[PDB]
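Just the one chain here, the form deposited in one PDB entry, laid out as structure tokens.
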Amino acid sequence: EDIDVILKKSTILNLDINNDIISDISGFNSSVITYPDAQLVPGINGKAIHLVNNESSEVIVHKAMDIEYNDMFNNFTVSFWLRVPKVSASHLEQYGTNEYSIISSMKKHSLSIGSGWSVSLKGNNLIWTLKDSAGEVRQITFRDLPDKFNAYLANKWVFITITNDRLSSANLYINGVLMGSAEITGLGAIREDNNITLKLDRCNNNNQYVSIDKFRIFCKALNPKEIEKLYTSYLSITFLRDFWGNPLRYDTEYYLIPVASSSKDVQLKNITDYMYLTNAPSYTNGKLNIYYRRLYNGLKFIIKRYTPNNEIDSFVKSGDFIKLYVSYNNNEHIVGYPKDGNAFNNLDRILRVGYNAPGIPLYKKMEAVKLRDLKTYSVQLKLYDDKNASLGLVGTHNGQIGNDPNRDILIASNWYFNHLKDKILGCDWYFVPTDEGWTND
């Protein structure tokens, strides 16, 4: 059969958010009951569930009749997108050993053992736990990476898939790739609750919160092939994304960082002059084994609309035409290339900030596009001249201008169009907005 078919037909639960209401679109018609404080925020494709630390934030699904016991002995997969702020060093010390769940099928203190499955978080650990009615227990504990800029639980939307083979293993996937496993033969009857509960349980930190989207369950163990398809199916190409996976926006400030050189910030020569990469400061913690380049230094960039013309859509769309500005000192300075302005031999046009020489036209119309790399939250920008000719994608070039040090200078180039299939490319950018989910220790 076809992957898309298989995925469809094995779906037994699918939580869709349409019209600001959470329901089950799988066909089974499971009763969803959202409590007063489950929030609704921006998502991978739509709005997503956002849970805070309290008894009223919660979404409960009461299994329909038909699916009551599909995980008792049989195979099943759980999948969902998950987003979890980056734990601060301080919260690691004080709450590091506080394992709380966020999604569970296990009725707790009541006298029903806890039989069932649970998804839970413990410092920087993501854990899946299975428990049969005799109380036997199998667990995959996934230990996030130490480098927080590149980790799965340091604020970005990530896609989780856990498959359960009762004659063999239980595997845990992150963004389509195996991140952990455990052998689960030796489990007997999974005897859960009739409710699947999304909600922070027993979490000791009043501020903790997490976001979940697309909560789905299949009555089969998905194979890696199916999983990558599942995973890329939610990755809609028409809407651009910020570094955290949320909708790219007009009129908000973003720090630019090059995917190819993610230790680098952009910096500005001077108003009217050029831009270049610099090294991003540091944060390290041997004792907690966590490090990351620090965010929020460098240039602030704001995207404006060039035409008005769709409606107030706050989100940028691939192909929208835009104007880029730098937000340096409460003033706003446009980014462009002045006609016949300094460029490198091969014709790499150097970008200027705030250029205003009387009499010289300034090319400055850009198009925001996604040309490569569907799973990275990165964007590409293409610059045109007044005749709608390409001055090519924005990226960098190494060299010197005057007596200035050798630098990786921001420029526009048509070169990049010939290398769109590479792994790593100089025109790929990360648009980072400041966020409560990430504060630099």
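The term rigid core refers to the most C-alpha atoms you can superpose between the two forms while keeping them within 1.5 Å. We number the residues from 1 along the sequence you see.
What follows is about the form deposited in another entry, which we do not show.
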Superpose on the rigid core and name the single residue from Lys122, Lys339, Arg294, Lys108 whose Cα moves by 2 angstroms or more between this form and the one not shown.
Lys108
Core superposed first: is there a CA shift of 2 Å or greater at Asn310 between this form and the one not shown?
yes
Against the shown form, C-alpha atoms of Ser110 and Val137 in the other entry: closer or farther, for a change of 3 Å or more?
closer
Cα distance between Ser112 and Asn194, which in the other entry differs by 3 Å or more from this form, closer or farther
farther
